[PDB]
Amino acid sequence: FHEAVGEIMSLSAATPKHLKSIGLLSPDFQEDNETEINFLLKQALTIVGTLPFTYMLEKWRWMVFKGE
Ligand SMILES: [Zn+2]
C-alpha cells in the first residue's frame, strides 16, 4: 500500500495534461497517438516487464521453502 500510494502520484504527475497546466509544457503542444504509444510502451517495459519475473521468482522461492 505504501509504495502504491507513492506511485499513484508519480503516475498522474507525468501526464502532459498536468505538465501543460504547470507551465513546463507549452500550451501549444498537442499530444499525438504515436507519442502516447511511445510513453505507454516505455511504462510497459517497466510495469509489465517486472511482473512475470516477480511472480516466477516468488513461485520458485515458495516451492523451495515448501520442499517441493
Ligand atoms: Zn518509495
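Header annotation of the entry names cryo-EM as the structure determination method and lists the resolution as 3.59 Å.

As recorded in the PDB entry, the protein chain goes by the name Processed angiotensin-converting enzyme 2, listed as coming from Homo sapiens. The title given for this PDB entry is "Structure of human SIT1:ACE2 complex (open PD conformation)".

Enquirer: Would you take a moment to explain the pattern of salt bridges for this structure?
Expert: Pairing between side chains of opposite charge can happen when the charged atoms of each approach one another. Taken as a whole, this structure holds 2 salt bridges when the rule is applied. For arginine 61, the salt bridge is made with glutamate 58, and the minimal N-O distance between the two is 2.8 Å. Of this pair, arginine 61 and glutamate 58 both sit in helix α3 (residues 33-65), 3 residues apart, which is roughly one turn of the helix. By relative accessible area, which is 38% here, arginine 61 ends up partly exposed. A salt bridge links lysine 66 to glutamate 68; the shortest N-O distance between them is 3.6 Å. Looking at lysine 66, the relative accessible area reads 59%, which means it is exposed.

Criteria and thresholds
- Residues numbered from 1 in each chain as written, not as in the entry; some residues may be left out.
- Part of a larger assembly, values for the part shown.
- Heavy atoms only, no water.
- Residues with missing side-chain atoms left out of burial classes, pairs and counts.
- Salt bridge = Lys/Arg side-chain N within 4 Å of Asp/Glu carboxyl O.
- Helix = DSSP H or I, 4+ residues; strand = E, 2+ residues; numbered from the N terminus.
- Buried < 20%, exposed > 50% of the residue type's maximum accessible area, 1.4 Å probe, protein only.

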